[PDB]
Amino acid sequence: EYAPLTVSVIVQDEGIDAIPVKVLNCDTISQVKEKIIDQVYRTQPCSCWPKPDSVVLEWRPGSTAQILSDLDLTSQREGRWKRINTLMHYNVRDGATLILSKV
């Protein structure tokens, strides 16, 4: 089996005292590194690092494309939270065509 595991990580350059990072004992050393980078550097200024919200995703099954979002007018609010839209929420079948473009 596996096990949840909270760890204390220190980053030399940033100088923060310590950062709690929730990982799994079955995570590899590469997975753990990216788990840390997504917590210290995803919010650091980097003009060449595309984040999902600095990026548009359109869908066109025909000659016209439409933008798909995590939460738009079609999002069903399930429970305490608004359920984030999925690919089968929009009913995107296999072999579809998408467009990626910056904002």
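Residue indices: 1-based, along the sequence shown.
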Problem set entry | Higher-scoring stretch by recorded Cα B factor average, 88 to 96 or 10 to 18 | 10 to 18
Exercise. In this PDB entry, which of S47, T64, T74, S69 has the top CA B-factor?
Worked result: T64
Problem set entry | Assigned third (lowest, middle, highest) for the C-alpha B factor of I37 | middle
Problem set entry | Where the record places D53 (Cα B-factor, split into thirds across the chain) | lowest
